[PDB]
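[1] Next one to model:
(7 chains)
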Amino acid sequence: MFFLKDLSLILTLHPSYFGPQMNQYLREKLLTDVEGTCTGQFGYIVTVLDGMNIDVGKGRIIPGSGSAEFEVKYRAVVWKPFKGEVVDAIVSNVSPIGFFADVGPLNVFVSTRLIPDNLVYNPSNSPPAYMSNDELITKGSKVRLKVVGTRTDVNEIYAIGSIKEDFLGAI
Amino acid sequence: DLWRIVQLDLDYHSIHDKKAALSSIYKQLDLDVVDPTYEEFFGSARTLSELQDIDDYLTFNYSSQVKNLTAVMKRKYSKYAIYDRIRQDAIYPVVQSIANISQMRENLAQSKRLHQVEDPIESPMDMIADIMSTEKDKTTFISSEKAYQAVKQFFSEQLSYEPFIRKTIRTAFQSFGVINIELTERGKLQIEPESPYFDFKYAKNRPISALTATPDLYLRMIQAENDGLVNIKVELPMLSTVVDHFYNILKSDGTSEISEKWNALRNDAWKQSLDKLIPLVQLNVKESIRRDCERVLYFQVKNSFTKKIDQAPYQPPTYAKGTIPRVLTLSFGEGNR
Amino acid sequence: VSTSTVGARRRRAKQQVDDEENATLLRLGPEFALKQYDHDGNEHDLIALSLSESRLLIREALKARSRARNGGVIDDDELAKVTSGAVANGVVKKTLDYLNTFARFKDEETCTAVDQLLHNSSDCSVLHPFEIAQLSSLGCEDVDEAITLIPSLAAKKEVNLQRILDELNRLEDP
Amino acid sequence: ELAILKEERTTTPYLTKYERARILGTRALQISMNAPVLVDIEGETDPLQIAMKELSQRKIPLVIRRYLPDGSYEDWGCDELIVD
Amino acid sequence: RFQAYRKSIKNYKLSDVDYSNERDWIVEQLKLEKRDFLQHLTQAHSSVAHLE
Amino acid sequence: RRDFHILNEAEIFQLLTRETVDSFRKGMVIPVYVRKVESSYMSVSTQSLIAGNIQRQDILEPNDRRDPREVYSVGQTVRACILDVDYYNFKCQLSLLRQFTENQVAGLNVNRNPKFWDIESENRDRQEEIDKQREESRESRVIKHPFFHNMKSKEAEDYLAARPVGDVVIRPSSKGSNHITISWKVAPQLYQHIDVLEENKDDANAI
Amino acid sequence: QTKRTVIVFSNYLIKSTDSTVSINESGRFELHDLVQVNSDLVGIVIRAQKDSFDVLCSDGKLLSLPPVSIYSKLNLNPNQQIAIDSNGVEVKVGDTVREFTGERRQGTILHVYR
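    Residues are numbered from 1 along each chain as shown, chains lettered A, B, ... in the order given. Next comes the structure:
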């Protein structure tokens, strides 16, 4: 789910960049170091609002190292999945152990043990799919799934979905 | 070849369930008149792609009947609901008057003109507007242009779901198609002169028939495609020839401006049907070539492994073959001080 | 890396059950609590975003940045290519693809009307912003379906759920 | 809040010896780390000497933040503090 | 090995009509795949009738 | 089963050096390591312990008349091109001539037939990347002088407009950091820009 | 690690919200080890597991293999691990270089092979 959050970043600048263009350079450095990153605490930062008018304040010189430390506060759009949430998805891969879907930047893996039994995996089909009499879910097929668990990594998030309840599966 | 026999029997055992499912579905439809296209394409059905084509044709031309049989509730939206509304609406007679479905099928199957597409006495816009004005109560369309677009898209869907057009396009692509590769920005930057993907960075018009002799090239192209670097495109040099031939079969012979409008509508719907049909045929051909190359490489690896492990023990002189010799091994590993 | 405006949170002895993330229970954790603070420390509400609002905001910000980088002189692919960073480019491409392929409302005025309906409504004056975002995003059609997908709305029976769903379906472009 | 406005600054308008020493050290370190020099150098090569030359001409781009006992502070530019 | 191959196959024992159809489909598949081998065999050993 | 398979020269070479015959043959460039320098030859070692030698005709350029020891010393690895390979004896001869170490770039044998290869696309991408290589960055110049002002030509003329005749301003020149433009007021609404060439510059920002 | 379903009794499980598994004292190879996958493929270790290892090869792909399957570590002396840049200047282990073209990235050299 997408949100607006007020975040802050600590930026350290080498003395070789102490020029008139210091502020703009700090702005592009912030944009390059925040746009697209993935933090387990917050999720995924997709964009920074008002990216060219961010206040940086006054940097403090670190005693003994010369480099200046800047405290940058900004507002950004953040997306983070939650346990027990039902969202739309697009299937990216089909495999006997289960199928992998994509919910924005997040890639969700659904095991066969969380798939209804009538959706038997068909490897002979082109492309291979988990199909039933009235349902056929393959690569590129819209699916509505509920996120059950989320795994936190260093700079990545792994989520597990399920389609075993009602109003789920193919859409 | 015996391993191929085992694989082929497994494949047919798999597709037998699908063909039985299609037979059961058709029996549940219980058509008053047996559809000649159904019989003709079911008798010659060999691949699961053709079975899927049969299923699509049956579901499209009997969407109401198939939906009822499903009913004979999760609010899944039927993708054919709009077409069912068109069937129920007063504009469906105009869609009939464009061209007779049975006559179209006979002409296409014969590949030559058996009947002439009769142009209605009034232009498509004339008939659409007249029926809209005389049936404002039932015509669900708002403007005559909207009804015109709906009729064109319905005709395009009818042409697209015709099994014969799909079969002809698939045969043409499988016989005379070529392979072209496009590069994404990731492909534009990551395909380096030392990378193994550099062999096909700018390949063009590669014959399909020659691919089976070199499976690794196609496998590597697919692997590069899966990495988000390249895009594989299959195109036919004579696609315009097939389009023109099918248009000539479908087009009417009238010369009046009303006939000109009817021919324009038919041609536009036919182009839309081609636009919808091309990706599916491309994917089917791609999967077929993938399976062929994979099987070739599987057999090649099997032969290589067999050659690797086919060696009898060393035969000492003055002894028969198969005798185990006494052996002494001397080694030091590296040779450093 | 990035630090939230909420700090402190030192050691204690009590342990609470409203700490684990759970969408059904509407327990979003401390950093996503209902009450937030801005850079001035004033009171602030949690700001959820539906796919329509998120798409509008991301498109506006990206096109503003693209215009600024060109000296103030539409395509999603070009707009994604505007940003810097290959991984960032891929992430924004994926988000844009998701938003485009599931955009319930691609028009500013439709989204504005939807937000006005979901905010100014007397029944919706109690609705949690997460519930509002879920309702505007999932595009549910039935009261039972919405309740099954959103367990929180089951306990809120003072909501004109069916007519609001029909209003959303009407506002949804067919 | 904690910052004190420029009009109501009540600390001494002179550069104390501790502030002078710290400013010279920081500027010398920054110059030794390839920071731009804001004054013309005739033949000088020692970072400390360049820093002293910058200070004499009121060209050091640093700000002194003087902490009052209660936690409030005053920000003085090194170009507006009088140096002996 | 056959059990492993047929583990996914729920229904294996086909009818006689289905059996003959399977044989015909297998023959056609081999003829399509081994067309080069059959052509070379027919061309080299043209004297023998109905080798295929 | 067939009798025991005896390894041949190629198989023994691949087993020992772990280097395939294709990846180690004529017309290849490898970073060999110099192990012994002599007047008439240089003895070098490859990465895979393959001892190599070069006759004196190739260590140094044919035009140069220096000594092999002066130019190259022990421990100074250099690029070399394979000329001959003794697979049985694991001996190779190398060349240091730049006609091999530098000109050999498109070492792949990929068929570039225009019917099946898009030569035009690869060429266009090649000038694209070459122009990208040509692209560089530039920054402003800062000078400390009482009469120096970072202004444009029109900006300098307007600044001198408010001043009487004869006042002088100094601004960076468009011909490069080694050039300086001096603008002085010849007459009311009449100014002369004079370019000054700098010699023996200590730094770009320096005078 | 194996990314596969495992069935174990509830008596052998503890609810630990964080893994932070240390792979030390296990197998023969550690992180950032240049090992030989087979007779043809040579790679480096990116992530170690209690049951297997993750190896990035010279081609640019990722593989998962048991510790037994790996041939051995490619112990190379400085007289063997030698790198030469485009201009011909020798570059040793741990030095920072920048890509001449492409993404033009930069980093510290971990291992040199061919």
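[2] Let me see the domain layout of chain A.
    Split into domains by CATH domains of a matching chain, chain A comes to A:1-82, A:83-171.
[3] right, quick check: the longest one against chain C, any contact?
    Yes: for domain A:83-171 and chain C, the contact criterion (Cβ under 8 Å from any Cβ of the partner chain) is met by A:83-88, A:90, A:102-105, A:144, A:150, A:165-167. All C-beta atoms are positioned from the backbone trio N, CA, C, and that covers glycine.
[4] Name the member of those residues with the most neighbours.
    residue A:87 (27 neighbours; other Cβ atoms under 10 Å in any protein chain shown).
[5] Can you tell me the SS state at that residue?
    strand (DSSP: H, G, I helix; E, B strand; the rest coil).
[6] partner residues bridging it?
    Residue A:87 has these beta-bridge partners by DSSP bridges: residue A:145.
[7] re the thing from before, ok, of the residues of domain A:83-171 next to chain C, which one's closest to residue C:95?
    Comparing these against residue C:95 with Cβ to Cβ places residue A:104 closest, at 4.9 Å.
[8] That closest one and residue C:139, how far apart?
    Distance from residue A:104 to residue C:139, counting by Cβ to Cβ, to the nearest Å: 17 Å.
[9] Do a quick rundown of the helices in chain C.
    C:51-69, C:76-82, C:86-101, C:108-120, C:129-138, C:143-149, C:152-155, C:161-171 (DSSP state H).
[10] Out of those helices, the one nearest residue F:73 is which?
    helix C:86-101 (42.7 Å).
[11] The closest one to helix C:51-69, inter-axis angle?
    Angle, helix C:86-101 to helix C:51-69, by axes from the mean of the first three to the mean of the last three Cα atoms, to 10 degrees: 130 degrees.
[12] ok, helix C:86-101 near chain F or not?
    No: judged by Cβ under 8 Å from any Cβ, helix C:86-101 makes no contact with chain F; its nearest approach is 16.0 Å.
[13] Give me the contacts around that helix.
    Helix C:86-101 has contacts (Cβ atoms under 8 Å, 6 or more residues apart in numbering or on different chains) with A:32, A:35-37, A:44, A:46-47, A:79, A:90, A:102-105, B:186, C:51, C:54-55, C:58, C:62, C:76-77, C:79-81, C:83, G:103.
[14] Now which of those would you call buried?
    Using 16 or more other Cβ atoms under 10 Å in any protein chain shown as the burial test, the contacts of helix C:86-101 include A:35-37, A:44, A:46-47, A:79, A:90, A:102-105, B:186, C:51, C:54-55, C:58, C:62, C:79-80, C:83 as buried.
[15] What is the burial count for residue B:57?
    Residue B:57, neighbours per other Cβ under 10 Å, totals 20.
[16] repeat for residue B:265
    Other residues close to residue B:265 by other Cβ under 10 Å number 18.
[17] Over to the one 3 residues further on?
    With neighbours defined by other Cβ under 10 Å, the count for residue B:268 comes to 15.
[18] Which residue is the nearest non-sequential neighbour of residue C:9?
    Leaving out its chain neighbours, the residue that sits closest to residue C:9 by Cβ to Cβ, 6 or more residues apart in numbering or on different chains is residue C:30, at 7.1 Å.
[19] my guess is that neighbour contacts residue C:7, does it?
    No: with contact defined as Cβ atoms under 8 Å, residue C:30 does not count as touching residue C:7 (10.6 Å).
[20] So for stretch G:6-23, first residue to last residue, what's the gap.
    With Cα to Cα, to the nearest Å as the measure, stretch G:6-23 spans 20 Å from end to end.
[21] what do you get for stretch G:54-67?
    Terminal residues of stretch G:54-67 are spaced 10 Å apart (Cα to Cα).
[22] hmm, back to that, more crowded one of residue C:30 and residue C:7?
    residue C:30 (10 against 7).
[23] who touches residue A:126 in this structure?
    Taking Cβ under 8 Å, 6+ apart, one finds B:48-49, B:283-284, B:287 in contact with residue A:126.
[24] Which among those residues count as buried?
    With burial judged by 16+ other Cβ under 10 Å, the buried subset of the contacts of residue A:126 is B:48-49, B:284.
[25] Which of those residues fall within helices?
    The members of these that map onto helices under DSSP H are B:48-49, B:284.
[26] from the residues you listed, which are also near chain A?
    B:48-49, B:284.
[27] does the residue of chain F found nearest chain E count as helix, strand or coil?
    Residue nearest to chain E within chain F: residue F:1 (22.3 Å; Cβ to the nearest Cβ). State at residue F:1, reduced to three classes by three-state DSSP: coil.
[28] pretty sure it is in contact with residue B:315, am I right?
    No: using Cβ under 8 Å, residue F:1 is not in contact with residue B:315; the gap is 10.8 Å.
[29] Looking at the two, which has the bigger crowd around it?
    Using other Cβ under 10 Å as the criterion, residue F:1 and residue B:315 rank with residue B:315 on top: 15 against 10.
[30] For the more buried one, which non-adjacent residue is closest in space?
    Nearest residue to residue B:315, sequence neighbours excluded (Cβ to Cβ, 6+ apart): residue B:321, at 5.2 Å.
[31] What residues does that neighbour make contact with?
    Taking Cβ under 8 Å, 6+ apart, we find residue B:321 in contact with B:312, B:315, F:3.
[32] pretty sure the last one contacts residue B:311?
    Spelled out, that is residue F:3. Yes: contact criterion Cβ under 8 Å: residue F:3 and residue B:311 qualify, at 7.3 Å.
[33] sorry, back to before: closest to chain D among the ones in helices among the buried ones among the contacts of residue A:126?
    Using Cβ to the nearest Cβ, residue B:284 comes nearest to chain D of those, at 62.9 Å.
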